[PDB]
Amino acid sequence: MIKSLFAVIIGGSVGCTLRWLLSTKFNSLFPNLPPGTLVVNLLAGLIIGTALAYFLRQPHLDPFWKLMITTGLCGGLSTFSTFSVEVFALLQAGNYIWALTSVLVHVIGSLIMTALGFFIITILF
């Protein structure tokens, strides 16, 4: 399981760097709910939802690529820690209306990007 490890690094590296580039360019535009950290979470949610309903239909794919996409890319692309500080900060700044809003959008949006990616591919097929 060293081959297994390169899949995590390659995939995560992409997902991370990807997440890194997007957050710096776009997060500052709307601080009450930074959009960079939201798009990567919606994006991975979209991807993993598609990976869900496609992996299902391909039982004999290499455990290598499945790792590199989900654990690697989506795992490295999405973030939960960076989601927490932004809320913790909106809470220390007494911005409750937005702190609560940021929690809702991330959770639900991520599950809809998952529902979309799943049901788009379930429906194409």
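Numbers for residues come from their place in the sequence shown, where the first is 1.
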property	result
58 to 66 versus 79 to 87 - greater average Cα B-factor per the deposited record	58 to 66
Residue range whose averaged C-alpha B-factor is higher in the record, 41 to 49 or 24 to 32	24 to 32
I112 - Cα temperature factor, lowest/middle/highest third of chain	lowest
B-factor third for the C-alpha atom of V105 within its chain	lowest
Cα B factor band for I10 (lowest, middle or highest third within the chain)	highest
